[PDB]
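*Asks:* This is the structure I have questions about; it appears just below.
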Amino acid sequence: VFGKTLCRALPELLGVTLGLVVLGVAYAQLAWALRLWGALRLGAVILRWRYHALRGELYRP
Amino acid sequence: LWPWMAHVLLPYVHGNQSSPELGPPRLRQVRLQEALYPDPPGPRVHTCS
Amino acid sequence: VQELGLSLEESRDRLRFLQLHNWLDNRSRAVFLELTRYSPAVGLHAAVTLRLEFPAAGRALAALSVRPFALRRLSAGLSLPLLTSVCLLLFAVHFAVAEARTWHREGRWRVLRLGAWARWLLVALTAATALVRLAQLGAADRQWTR
Amino acid sequence: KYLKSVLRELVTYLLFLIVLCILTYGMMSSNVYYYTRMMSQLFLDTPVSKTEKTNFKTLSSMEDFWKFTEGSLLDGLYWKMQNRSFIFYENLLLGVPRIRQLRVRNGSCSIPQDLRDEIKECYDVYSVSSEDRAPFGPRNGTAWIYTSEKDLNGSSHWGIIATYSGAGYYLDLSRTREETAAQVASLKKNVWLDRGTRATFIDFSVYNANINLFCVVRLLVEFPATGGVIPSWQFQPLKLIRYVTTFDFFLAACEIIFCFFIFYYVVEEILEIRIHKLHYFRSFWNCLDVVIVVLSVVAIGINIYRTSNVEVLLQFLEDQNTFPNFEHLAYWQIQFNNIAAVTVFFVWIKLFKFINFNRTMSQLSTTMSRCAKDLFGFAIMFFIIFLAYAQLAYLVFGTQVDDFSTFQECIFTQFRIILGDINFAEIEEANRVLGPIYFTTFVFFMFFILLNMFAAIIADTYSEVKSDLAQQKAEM
Amino acid sequence: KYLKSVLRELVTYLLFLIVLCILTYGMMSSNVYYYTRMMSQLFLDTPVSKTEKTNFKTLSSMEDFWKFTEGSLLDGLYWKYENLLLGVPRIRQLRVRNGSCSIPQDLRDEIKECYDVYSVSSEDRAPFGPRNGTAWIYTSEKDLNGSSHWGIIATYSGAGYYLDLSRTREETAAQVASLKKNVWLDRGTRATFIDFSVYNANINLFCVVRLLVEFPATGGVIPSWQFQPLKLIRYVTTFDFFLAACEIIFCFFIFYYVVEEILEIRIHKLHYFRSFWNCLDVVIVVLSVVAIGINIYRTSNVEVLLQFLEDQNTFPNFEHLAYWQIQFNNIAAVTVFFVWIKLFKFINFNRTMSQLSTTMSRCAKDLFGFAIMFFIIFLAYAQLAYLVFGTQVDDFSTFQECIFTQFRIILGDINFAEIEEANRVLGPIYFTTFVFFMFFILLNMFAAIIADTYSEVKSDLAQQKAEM
Amino acid sequence: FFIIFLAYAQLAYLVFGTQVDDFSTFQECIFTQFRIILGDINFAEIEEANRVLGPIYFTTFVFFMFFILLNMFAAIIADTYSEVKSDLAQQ
Ligand SMILES: *[C@@H]1O[C@H](CO)[C@@H](O)[C@H](O)[C@H]1NC(C)=O
Ligand SMILES: *[C@@H]1O[C@H](CO)[C@@H](O)[C@H](O)[C@H]1NC(C)=O
Ligand SMILES: *[C@@H]1O[C@H](CO)[C@@H](O)[C@H](O)[C@H]1NC(C)=O
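Residue numbers (full-length UniProt numbering), protein chains in the order written: chain H, 4014 to 4044, 4091 to 4120; chain Y, 3723 to 3771; chain B, 3820 to 3965; chain S, 215 to 296, 305 to 698; chain V, 215 to 294, 311 to 698; chain U, 604 to 694.
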């Protein structure tokens, strides 16, 4: 399950990091997000949802 | 540079039996042909230009 | 270039001669002092390079690099760095023909998939690893004989 | 499946958007913009003199420019050496300026025959065919003799006023501030911009030797045929010395990767439209990709052609005894800025092309506005606890730590502790009890119980967004 | 009938909070810290002599101490910063006796005497050297009017051999030189105290200074200082009377709060000690009563603070008046914290705030349950670190230091240059296993509990709202 | 997790383990990465030993082991806790 939960959740992780980096570019365009995201603990929930889904799918067989 | 080489480099390269060498040194230089005009002293001028 | 001489006294002679004759007071971008180092107790050579750059006349910034290596040469027989450099070159051919045998079998439009790209990187890495060590071995002979 | 048709196109589009965002971020000139703004402030806002009230933006008479050239323009620009060009000893101007005057020829209009006893002549607006070419007043040399447009490196521009070509009188400045002031006074004493004139301009360059940014500054003035004149200025930051250090290497690598990605996308999209359904334009999905590819290729080609040659700056730096023909370079830089705006528009278009999963644009605002409410509610509790701890620290460690000295500093100290800049040398020494207790309780209640509540809120928000989407989108 | 009670409680609490906040900030001036820092720089930072580089806080031997007391100490005490001395400084020492020690019989011939570590049961009580005056005769604690100190090595008593200096530089220097001529600091000396007080009339702020030098039984010198600025501002300008009225108002508020508390506890004879909003209400009143009785002492025994600008010749005993000024801030600062905590009793009516508080309350049993499993391992690691690195690291020299070092490691402030070399094996093992077991396993458990509780509380609240 | 951890450790040992001294020996390479996890070490001198693999190593390490691989240790635990609670509540 560890490989699958990593492969399926990969697009959402890249989307989130792309959103964060473009937000940082917009912020700097007027003229640190690592701490913000590391405190948001997003990736954890994104991985947890997929892990729960895959465990539920694998439980039946 | 001149006291530097005259103080440590020569006693290191040549000695009694002080740290075998295997070949003499070299001092190749590039001139740049475009003699530079300096800046008044103080803080180092940014990085280089 | 400046050969700096051989003996300490003549080294001082050359140093003072080029000191008084204005060898280094002009535009004079760089200095590039670099000699060598040997160590027979462990069998290693070392390339030493000391450099000053003049961004503007009046002051300089310094940088030194000491690269220790082992001079192992291609003309020394069948040492390990050659044995495990002709064997790696065979793994970069068995991995290439195994890709042609799928390119032909699947025909056109194998591109745009990981399997047809993640295996070509392996060939382009094994070939480089094999062909860089050979160049280093050849350069060792050339420089040592020179 | 959904591994080759739903996992690659979206990923490739996201990667292309990321590359476009990186390329756009690697195009914002901060130092050049700051230098241009400083030059404009020292020039556009510069009045005529200490007592006069004639500025660049307040052009109301033919003596405003003459009085401006001798005064604040000689203080913010023509500063003496330590005659160099450095007002604050840090703004090093490049080369020397040049002046041009596109005037109306002697008899550029006609007077009515019925009123020929009192009307002499008139002057038309600036144009290619309305530019003087013969002498105008005492012309000892080129001070009053117009130079040809092709022979003086000039061409029509068609700006905000008119299409002032390269025709008109030309003059070059000197290498000394005193000499430049004397030349300006001599030109103002004589008829240089007479009543039969239509436009004036001046072009200078700025180097700022401490900063690798050589730009051009061109001031212009439109003298209308109905009296008066309107001045303005424009700064062009054109440089071709980008390849410097590791940042330049990263920018070049990103540009090469973007070009390769564009080529790959063109290759992948040029086969399924030729041997397949063609002439698809009103599909909102087939014409958009082709338009994006064409626009990207055109922009890349234009950017490459803009930096075709970089010998102009090197030639100007090797020989700086005159004013180089930097008008063409300024026009190229303006075209590059327009291309950059077009590239921002193309990045917006690419973001739109990344919206192939639509209908998720405004149906989720009610949940985001609730997550914002929850975060605002949390921020009250967090700040109440934070100020309570800060007051405790300020009262206990107030007089003996040099860190909890002032209340406005205890907050910064606690923030630095949160970020991981704890000292703990004075805190224990200043008080062996209530010093360790404060630190331990603060850490426990700020990293185990109160920082984990911020994450749980967002976790619940994400879970409920996923739930409501997977319900409504997948139910009907 | 219900909103009225909440409103009256809220307005009473706001009045109490504003009174408390205004009262505790009228006792904090920007000079009380700057004066302390300047006095610390005057003595502890100047070099011992005009030739050496060692200041007081870097002493290394008895000779350096003798240099200091015949040096920078005199320069700062009798200045050419703009303060004046009142009373007279006093210097005292505590020493142990020969024969308080048991040499092994094997090597008795090589060591003729050893002096034990300081302890009340092993103190000296006999005259030594020239039995001339009070500097060479033991005086009891009662006759000295002293008390314990709780220094760094041990807790020294108030007795010892003392000497009162002179009012000006010449006789003070002569007397300390006479002490140095004889051996007043023998091998048996274990502690040395220097005490004095200054007034600094320029800005009205007293100061009591005590310096301590401890000589451990293994050789060396450990210095430790303490400055404490006092004040005598009662009814001066037109800003005071305000604080005097505020104190009376605060006392009346405490009386009202305690009578309300006793009424509530009489109505609810028991079960009043579980809501956790009543324990926080009796703790506050108890602390305020303590802080109300402690403020009287320092206010009653301040009449002598004046009987010393008269330029007399006696040592003022201001130790107690400076000790209670510290134990009054340690009480007036906890009351403020526990009062500012109490705001949650009233801001828990908003739906989002009520949900947050319910989430934080329904998981207060699993959190405390796991805080024991966490702290068992957190102490098993700390005791191991104390045993392994307890002699050569300066960070694990004591158990409490081990605990605080682990807490700092959690924040990511590890040295690791000393751990790796103090024990080249079993040190890296400790570090790696501690990091793995904490950051990867035992820290995520708290987040899991909080997240699960928050999710279930939100679901329950949404369901209950949907039912209505 | 620890296979990729050792894969980074050995690569760092072979590349930087000659001119840093923070990667001089394999154990030091492991402890340096454990200190990178804490956010302790500063990379002011990593690029000096090599520039192609200098910042690339640091960035890829942080990204892959501090935002994608270090979380899975959390998520799993959280999920487990949840089911355990249910596996009691239903009972
Ligand atoms: C300490 O006491 C022992 C016990 O007899 C004695 O032998 C020794 O001389 C004493 N030393 C001094 C310095 O008094
Ligand atoms: C003891 O004190 C007297 C005066 O009180 C003094 O004359 C004498 O010198 C002192 N003893 C010694 C040994 O100095
Ligand atoms: C201790 O206090 C008493 C009471 O005033 C006083 O007589 C005595 O001198 C004090 N002790 C010392 C050493 O001054």
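Here a beta-carbon is modelled for each residue, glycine too, at the ideal position from N, C-alpha and C.
(1) Going by the beta-carbon positions, is the gap between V515(S) and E494(S) smaller than 8 Å?
(2) Looking at the secondary structure, which residues open and close the beta strand (DSSP E) in which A3881(B) lies?
(3) Using a threshold of 7 Å, is the CB atom of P360(V) nearer than that to any non-hydrogen atom of ligand 2?
(4) Quick test of the definition: if touching needs 3 or more C-beta pairs under 8 Å, does the region 3846-3856 of chain B touch the region 3737-3748 of chain Y?
(5) Within a Cβ cutoff of 8 Å, which residues of the same chain sit near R3892(B), ignoring the five residues on either side of it in sequence?
(6) If the cut is a Cβ gap below 8 Å, which residues of chain B does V3767(Y) touch?
(7) Restricting to Cα atoms, I'd like to know which of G359(S), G390(S), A612(S) is closest to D373(S).
(8) Strictly by DSSP, which residues pair up with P453(S)?
(9) Taking only the alpha-carbon atoms, compute the straight-line gap between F670(U) and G4097(H) and give it to the nearest angstrom.
(10) Please name the residue or residues paired with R320(V) in a DSSP beta bridge.
(11) Thinking C-alpha only, which one of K218(V), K215(V), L229(V), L217(V) is nearest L573(V)?
(12) CB-CB under 6 Å to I433(V), same chain, minus the five flanking residues each way: which ones, in chain order?
(13) Let's see if you can read the secondary structure: which residues bound the alpha helix (DSSP H) around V246(S)?
(14) Give me the Cα-Cα distance between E353(V) and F598(V), rounded to the nearest whole angstrom.
(15) Quick check: is the beta carbon of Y239(S) nearer than 8 Å to any beta carbon in chain H?
(16) List, in order along the chain, the chain S residues whose C-beta lies closer than 7 Å to that of residue 295(V)?
(17) Against chain V, does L656(S) count as a neighbour if the rule is that its beta carbon must be under 8 Å from one of theirs?
(18) Per the DSSP calculation, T3868(B) is bridged to which residue(s)?
(19) Between which two residues does the alpha helix (DSSP H) harbouring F637(S) extend?
(20) Which ranges does the alpha helix (DSSP H) cover as unbroken runs of at least 4 residues, wholly within the region 549-583 of chain S, from first to last along the chain?
(21) Three Cβ pairs or more, each shorter than 8 Å: is that satisfied between the region 269-280 of chain S and the region 438-450 of chain S?
(22) Identify whether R3938(B) lies in helix, strand or coil by the three-state DSSP scheme.
(23) So with Cβ pairs under 8 Å, would you call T588(V) a contact of chain U?
(24) Which first and last residues belong to the alpha helix (DSSP H) in which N674(S) is found?
(25) Since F664(S) contacts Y611(S) with CB under 8 Å, what's their CB separation in whole angstroms?
(26) Go ahead and label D3832(B) buried or exposed: buried means 16 or more other beta carbons lie within 10 angstroms of its beta carbon, across all protein chains shown.
(27) How many whole angstroms separate the CB atoms of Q585(V) and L510(V), which I take to be in contact at a CB cut-off of 8 Å?
(28) Which residues in chain B have a C-beta closer than 9 Å to the C-beta of residue 302(S)? List them in chain order.
(29) Whose Cβ in chain B lies nearer than 7 Å to the Cβ of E490(S)?
(30) Quick check on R222(S): does DSSP put it in helix, strand or coil?
(31) Check whether the Cβ atoms of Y345(V) and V318(V) sit closer than 8 Å, and answer yes or no.
(32) On the DSSP letters alone, give me the boundaries of the alpha helix (DSSP H) that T4018(H) sits inside.
(33) Would you say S689(U) faces chain V, with C-beta separation under 8 Å as the test?
(34) Would you kindly check if the distance between the Cβ of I484(S) and the Cβ of residue 302(S) is under 8 Å?
(35) From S505(S), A384(S), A403(S), pick the residue whose C-alpha is nearest to that of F282(S); which is it?
(36) Is it the case that the CB of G657(V) approaches a heavy atom of ligand 1 more closely than 7 Å?
*Replies:* Answer, in terms of the structure:
(1) Not a contact, by the Cβ cut-off of 8 Å.
(2) Following the DSSP letters along the chain, one finds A3881(B) inside the beta strand (DSSP E) bounded by residues 3880-3888.
(3) Flag set: Cβ of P360(V) near ligand 2.
(4) Yes, the region 3846-3856 of chain B is in contact with the region 3737-3748 of chain Y.
(5) Excluding residues within five positions, the ones whose Cβ falls inside 8 Å are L3956, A3959, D3960, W3963.
(6) Going along chain B in sequence order, the residues near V3767(Y) (Cβ under 8 Å) are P3874, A3875.
(7) When each option's Cα is compared against that of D373(S), the closest is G390(S).
(8) Paired residue(s): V443(S).
(9) Those two C-alpha atoms are separated by around 8 Å.
(10) Beta-bridge pairing links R320(V) to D394(V), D425(V).
(11) Out of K218(V), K215(V), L229(V), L217(V), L229(V) has the C-alpha closest to the C-alpha of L573(V).
(12) Contacts found: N245.
(13) First-last of the alpha helix (DSSP H) with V246(S): 244-257.
(14) If I take the Cα positions, the gap works out to 48 Å.
(15) At least one chain H Cβ lies under 8 Å of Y239(S).
(16) Absent from the coordinates is residue 295(V), which sits in the stretch where chain V moves from 294 straight to 311.
(17) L656(S) has a beta carbon lying within less than 8 Å of a beta carbon in chain V.
(18) In the DSSP output, where bridge partners are listed per residue, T3868(B) has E3853(B), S3884(B).
(19) Where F637(S) is concerned, the enclosing alpha helix (DSSP H) stretches over 629-641.
(20) Within the region 549-583 of chain S, the complete alpha helix (DSSP H) runs of at least 4 residues are 549-575.
(21) At 8 Å Cβ cutoff, the stretches touch.
(22) In the structure shown, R3938(B) sits in a helix (DSSP, three-state: H, G or I).
(23) Not one chain U Cβ lies under 8 Å of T588(V).
(24) It spans 674-697 - the alpha helix (DSSP H) in which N674(S) sits, taken as one unbroken run.
(25) Confirmed, about 6 Å.
(26) Exposed: under 16 other Cβ atoms inside 10 Å.
(27) Wrong, their Cβ atoms sit about 22 Å apart, outside the cutoff.
(28) Residue 302(S) falls within a stretch that is absent from the model, since chain S runs 296 to 305 with no residues between.
(29) Going along chain B in sequence order, the residues near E490(S) (Cβ under 7 Å) are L3931.
(30) Coil, per DSSP.
(31) No; because the gap between Cβ atoms is not below 8 Å, this pair is not in contact.
(32) Per DSSP, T4018(H) belongs to the alpha helix (DSSP H) from 4015-4021.
(33) No, its Cβ sits nowhere closer than 8 Å to a Cβ of chain V.
(34) Between 296 and 305, chain S has no modelled residues, and residue 302(S) is one of the positions in that gap.
(35) When each option's Cα is compared against that of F282(S), the closest is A403(S).
(36) Not so, every heavy atom of ligand 1 lies at least 7 Å from the Cβ.
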